[PDB]
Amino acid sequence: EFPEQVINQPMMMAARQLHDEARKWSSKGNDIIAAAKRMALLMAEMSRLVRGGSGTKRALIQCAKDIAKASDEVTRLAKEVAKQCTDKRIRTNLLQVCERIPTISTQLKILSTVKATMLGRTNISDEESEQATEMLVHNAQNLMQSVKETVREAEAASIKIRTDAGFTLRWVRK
């Protein structure tokens, strides 16, 4: 429900790739999916902000902060799922992929800051500015890839549950 194709093609691409993996499921009773959908929507806002020129400084910053908020919740919940999983194979893969999330999301706040201050500047070099933007896209690509890998191993680890009493996300295909 994001649509086909003044943004940043590769950020929107990454935004869309996450969106599609999470739109596969209903958000109802699955905050992992709700958060994932949110991040994807804020990633899209970012490719837009990445052209912004100015007035985008403050926004670009807030936006990156927003995103990190969303990942912190994907992680937090991914962990409760892993804590309920009874399959070492899966419980492991889950923790593995969701550990990096926080890190990637932090690189993202940092990279976005440099980018923000660079916005407006005329003195900054050509090579410097297109490079700032490409580390952003790179980090964004990997943040999205990580969030979507979680969601899939979160779903896999929803299968063998220690107690139906503990935590549970709702996995209902749309």
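Numbering starts at 1 and follows the sequence shown.
Trainee: According to the entry, are there none, 1 to 3, 4 to 9, or 10 or more residues of the deposited sequence without coordinates between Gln5 and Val6?
Mentor: Missing in between: 4 to 9 residues.
Trainee: Using the B-factors recorded in the PDB entry, average over the C-alpha atoms of 113-121 and of 37-45, then report which stretch comes out higher.
Mentor: Mean C-alpha B-factor is greater for 113-121.
Trainee: With respect to the recorded C-alpha B factors, which stretch has the higher mean value, 104-112 or 125-133?
Mentor: Per the PDB entry, the higher value belongs to 125-133.
Trainee: What third of its chain's C-alpha B-factors does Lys28 belong to: lowest, middle or highest?
Mentor: For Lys28, the deposited C-alpha B-factor lands in the lowest third.
Trainee: Should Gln141 be placed in the lowest, middle or highest third of its chain by the C-alpha B factor in the entry?
Mentor: As the PDB entry reports it, the C-alpha B-factor of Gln141 lands in the lowest third of its chain.
Trainee: Determine, from the deposited record, the chain-internal third of the Cα B-factor for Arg51: lowest, middle or highest.
Mentor: Highest third, going by the recorded CA B-factors of the chain.
Trainee: By its CA B factor, does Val74 count among the lowest, middle or highest third of the modelled residues in the chain?
Mentor: Its C-alpha B-factor belongs to the lowest third of this chain's values.
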